[PDB]
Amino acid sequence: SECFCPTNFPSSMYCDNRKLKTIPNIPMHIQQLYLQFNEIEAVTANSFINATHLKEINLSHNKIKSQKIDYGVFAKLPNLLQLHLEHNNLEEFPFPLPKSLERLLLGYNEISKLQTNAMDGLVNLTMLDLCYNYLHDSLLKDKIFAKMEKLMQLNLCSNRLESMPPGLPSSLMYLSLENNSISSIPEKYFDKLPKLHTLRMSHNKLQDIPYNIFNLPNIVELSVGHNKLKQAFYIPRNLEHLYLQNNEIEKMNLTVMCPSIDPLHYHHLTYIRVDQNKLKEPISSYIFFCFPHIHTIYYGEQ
């Protein structure tokens, strides 16, 4: 009676936006369970005991605390693929979790603790969202993501990181580190991240980055706005979108951006954003000969 189970979508149960204080008893045939936007504090075993076929649980926008999640409640679900726990009051990374897990969303919590080996076995994880938490470098230093060899997307934005996370898996394609306090990137950091397509590092403290740190063969989006960069750098062939707003750039040195034109493979660059730098004039018109696909250069004010 508290939830709605449509007869035409019989494996789905909607318990969302109902001011629920507790998770109701879940029938055994339920595969998609929506409990978001409630006032739930605890996740107890008694609610899930027969619900062995759960593939997706949304518990986002609740008041769940780490200490009120019963041991094993998620881990005993052998087909759980997706777990949403964003917008809760979690202080630590939840464990144990089932190894079937593919997508785990933990954004907007208070995660400041991450137990040694908490990520082990999550070898099927493709998406991990930890944005808006309290992570700091010591939690990540032992290469904790390294065995997640299917991980495609890692969101670590709006945390308390001072360094680039070490030993990220080589599968990774999307890395967000926006709104941390990262100031350098170590020399060969990207050597074992050849699949990186999207790198978001806006709102950090980047300044004296290595020459050709961003010479990345599969990068498509590079977002380094609101940092302290003084110079342009070599644009890699694959890049399409470049976000450089709100840095300390006096001139975009076109020769550094493009030292040679190869007319058999033109660079893919399509979009540059450079507003709120210290540029006196537009970039040299010769940019269009190295980057023939440029459709927009946003200058705003400087």
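When you see a residue number, it is the position in the sequence shown, counting from 1.
Margin query: Quick check on the record: does 41-49 or 273-281 carry the larger mean Cα temperature factor?
Written below: Per the PDB record, 273-281.
Notebook entry, point to check: So which stretch wins on mean C-alpha B-factor, 252-260 or 59-67?
Noted result: The stretch with the larger mean CA B-factor is 252-260.
Next item on the list: From the list 130, 201, 80, 119, select the residue with the highest C-alpha B factor recorded in the entry.
Entry: If I rank 130, 201, 80, 119 by C-alpha B-factor, first place goes to 119.
Note to self: Just the C-alpha B-factor column, please: which of 171, 231, 153, 159 has the biggest number?
What the structure shows: Of the options given, 231 has the highest CA B-factor in the PDB entry.
Next item on the list: Within this chain's modelled residues, let me know which third the CA B factor of residue 86 belongs to: lowest, middle or highest.
Entry: Answer is lowest: the recorded C-alpha B-factor places it there.
Check: Mind checking which third residue 186 falls in for C-alpha B-factor across the chain?
Finding: According to the entry, residue 186 has a C-alpha B-factor in the chain's highest third.
Notebook entry, point to check: Relative to the other modelled residues in the chain, which third contains the C-alpha temperature factor of residue 196: lowest, middle or highest?
Noted result: Its C-alpha B-factor, which the entry lists for residue 196, ranks in the lowest third among residues of this chain.
Next item on the list: Rank-wise, by C-alpha B-factor, drop residue 164 into the lowest, middle or highest third of its chain.
Entry: Its C-alpha B-factor belongs to the middle third of this chain's values.
Item checked: residue 35 - Cα temperature factor, lowest/middle/highest third of chain -> It falls in the bottom third of the chain.
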